């Protein structure tokens, strides 16, 4: 009977989810104690320099906080879903806010990487590894948090696949979307912190809603441009503005391969407009300013991405319209004299 099969397949996903959660917790711990705590061990102090000891928080980011969360809350909560795996979605929904800690770890990861590029050879590490009987280096364990947050989505999608007829399929779908939401937010923010040359508080632009690289043409009113040959710009869609930056693929020393973005201009959402369809190319749309006196023809890599941007811009323009509506309604009620 198909029901029995799916129930059995649901069990397999729960087992993998639970077994992998445990290995994850144990692995963070063996490194927190086998490396981090060892940086403050007198018996070891003669193998590590003080420069490295002070950069401990940069090397491990907030791994301890992550460990504590999983080892005191999440693992325990997953274990309470064993008898009914379909309800594991609720489990995630209840802790969505807690996962926000992954943003911190991910934003710091490249920083930690830079440090590891210079002290990976350090005798302290080679020593700690021998004591642990580990065959893989520390940085490989430092990747685990990044790898873990990017599997939950896979696991939830799988559970959902075997729970389409289960009471709880809705929570699974919402948990999946929410987890994908956090992964998107974190990934998006990695681009944001790489913006340079911006005079002001990026936090005042409101939430970052979308980011991506695009080919862009300009069709500004008569009286940097890209009239015929498109220019490359990385756009950041915030609630209050659209930022245009130029990707600085240029490097230096100790080559960080992650490119940075040089701020070029900002379009205030209050005067932004959009054009959903462009002739000849289904993946093009337009973002114009001050009623088309400035027009940017954006070419998305895919039609789906174009749609994602049009929808997000429209949600923002819609909320802007309602906000003004409400505003001109309260001060309109001032007819009290």
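Numbering follows the first chain given and starts at 1.
- On average the C-alpha atoms of 249 to 257 have higher B-factors than those of the other stretch, with 249 to 257 and 179 to 187 being the two compared.
- Taking the PDB entry as given, 274 to 282 carries the higher mean Cα B factor of the two stretches 274 to 282 and 304 to 312.
- Note on 210, 119, 88, 226: the highest value goes to 119, judged by CA B factor as recorded.
- Per the PDB entry, 167 shows the highest C-alpha temperature factor of the residues 167, 239, 174, 139.
- For residue 327, the recorded CA temperature factor ranks within the highest third of the chain's modelled residues.
- In this PDB entry, residue 92 carries a Cα temperature factor that places it within the middle third of its chain's modelled residues.
- When the CA B factors of the chain's modelled residues are split into thirds, the value for residue 110 lands in the middle one.
- In this PDB entry, residue 297 carries a Cα temperature factor that places it within the lowest third of its chain's modelled residues.
- Among all modelled residues in its chain, residue 206 ranks in the middle third by Cα B-factor.
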